[PDB]
């Protein structure tokens, strides 16, 4: 197995690129301090918004956007290389397409300083969020101790289909980085557990400590076992390092060995006792509709919130904010 660490990082108010640089250096010191304090740690996870903070007046400006990769990711890579750990980082990424809004991005860097996974938030916390819908799917990569890692961001964790997709591609440790998991805290705890159980995989999840120079007790850290049991739940303190031992091969072995608990197999092989191989047609219209690009809820023509003019967003198209 391996030791994982989820950092309840407190980000101060960010007003300039100068503040962004100090923030990056704070993350780096924290990474090193964590390896020093926990000599066995192999994976260190930082929360959503931890690089550039949460300044909604500036976060679409060019000063506030970074490239992935870029000079800042190289600094993170250098840190991961020196500390010899896998690290997970949150970056609001300048869209290579200058016409489009930036992405909300997560990267995993390995102990060699290589970016081995790049994920762009697939379901931007709408209507509040300006981030462009991610186009890299749900990737999975090799991690420490036999792990296959995947990451989702904030609201993404509320979508069980995304956890399934990760697992379907081999993920056995599903990471969630968040930056507003209070006031809907119960549902965050709930889905971290269900994402684990549904797919027989570990979940490791972290929330930002805070962002406003005042309150820094919004942080969360949760590790769930592949049976959905919460193995570790951090107390909520700024700078809290939530740690636990993970055994990816145990999740693998449960997937290989289990019968009654093997729901992920059952999904595509229902009733395999009565019908050799199981029924491969799950019998679900929404799956077929979603595959065909025609998912439509029966009540869609009667909805209220469907565009972001309740705070201020152009939803016809174009580019805005910069």
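Positions refer to the first chain, counted from 1.
Mean CA B-factor, 159-167 versus 110-118: the higher value falls on 110-118.
Comparing 5-13 with 296-304, the higher mean C-alpha B-factor in the PDB entry belongs to 296-304.
Sorting 176, 148, 71, 193 by the CA temperature factor given in the entry leaves 71 at the top. For the set 66, 267, 45, 287, the maximum C-alpha B-factor listed in the entry falls on 66.
Looking at the C-alpha B-factors along this chain, the one for residue 275 belongs to the lowest third. Ranked against the other modelled residues of its chain, the C-alpha B-factor of residue 227 as given in the entry falls in the lowest third. Per the deposited record, the Cα B-factor of residue 199 falls in the lowest third when ranked against the other modelled residues of its chain. Ranked against the other modelled residues of its chain, the C-alpha B-factor of residue 40 as given in the entry falls in the middle third. Ranked within its chain, residue 255 lands in the lowest third, by CA B factor from the PDB record.
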